[PDB]
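One chain is shown next in structure tokens, namely the form deposited in one PDB entry.
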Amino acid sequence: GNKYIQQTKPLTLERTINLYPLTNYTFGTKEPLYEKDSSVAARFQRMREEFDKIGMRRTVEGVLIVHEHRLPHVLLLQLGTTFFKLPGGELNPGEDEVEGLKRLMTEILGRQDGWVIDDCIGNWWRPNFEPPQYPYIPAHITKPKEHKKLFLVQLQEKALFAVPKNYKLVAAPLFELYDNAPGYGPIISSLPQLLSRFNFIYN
């Protein structure tokens, strides 16, 4: 018999994201990027200083997903064999979240041989000038020192990247991250869950 034409599903209920073979993606070595902070305690010395004139820090990171063997992989950058960060960084005072993100993406990676960001996946707040960050603002905290916002960066069908010589662009399959904070941290390692709502397409 006749079937009825499905009705439009609100993006809030069903978000459909297109994934492509991780083999579509490659890197060309680029100029090595140091980190703006020098030792392990220079970053907070800098955080205090900035928070005073600038105010609360606004960090953003991009999550770029590829796929292999029918499983989502997240693009991490490692350096040593124990350090993994998502591409992103501090925003400029008064800078737009996404626009700024594109600027940082294109900055840390990006084609020198000649960014779709529509989804927010999380927020993390750092209450004090210390390590711990949480997915919420503890009730006793009124002014958190840092706000980290994470976005799903829809990757193009094919892409060339520029990995600063000192970094290694690896593709982490979900089960490597899940329940493995010791390996990747509380943010990164909480992505498998944070991604599960998406209806992924394996092209």
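If you superpose the two forms and keep the largest set of C-alpha atoms that fall within 1.5 Å, you have the rigid core. One rule holds for the numbers: they count along the sequence shown, beginning at 1.
Not on display, but discussed next: the form deposited with a small molecule bound.
Participant: Out of 122, 100, 89, 72, which one falls within 4.5 Å of the small molecule in the deposited bound form, going by heavy atoms?
Facilitator: Residue within 4.5 Å of the partner: 89.
Participant: Name the single residue among 170, 54, 33, 137 that comes within 4.5 Å of the small molecule in the deposited bound form, judging by heavy atoms.
Facilitator: Only one option qualifies, and that one is 33.
Participant: Applying a 4.5 Å heavy atom distance criterion, does residue 43 contact the small molecule in the deposited bound form?
Facilitator: Residue-level check for residue 43: yes, a contact with the small molecule.
Participant: In the deposited bound form, is there a heavy atom of the small molecule that lies within 4.5 Å of any heavy atom of residue 77, even though the partner is absent here?
Facilitator: Contact with the small molecule, yes.
Participant: Using heavy atoms and a 4.5 Å limit, would one call residue 117 a contact residue for the small molecule in the deposited bound form?
Facilitator: It does not: once the small molecule is placed as it appears in the deposited bound form, residue 117 has no heavy atom within 4.5 Å of it.
Participant: Given that the partner is absent here, does residue 61 sit within 4.5 Å of the small molecule in the deposited bound form, heavy atoms only?
Facilitator: Yes, residue 61 sits close enough to the small molecule in the deposited bound form that at least one of its heavy atoms falls within 4.5 Å.
Participant: When the rigid core is used for the superposition, does residue 81 move between this form and the one not shown (threshold: C-alpha shift of 2 Å or more)?
Facilitator: It does shift by 2 Å or more.
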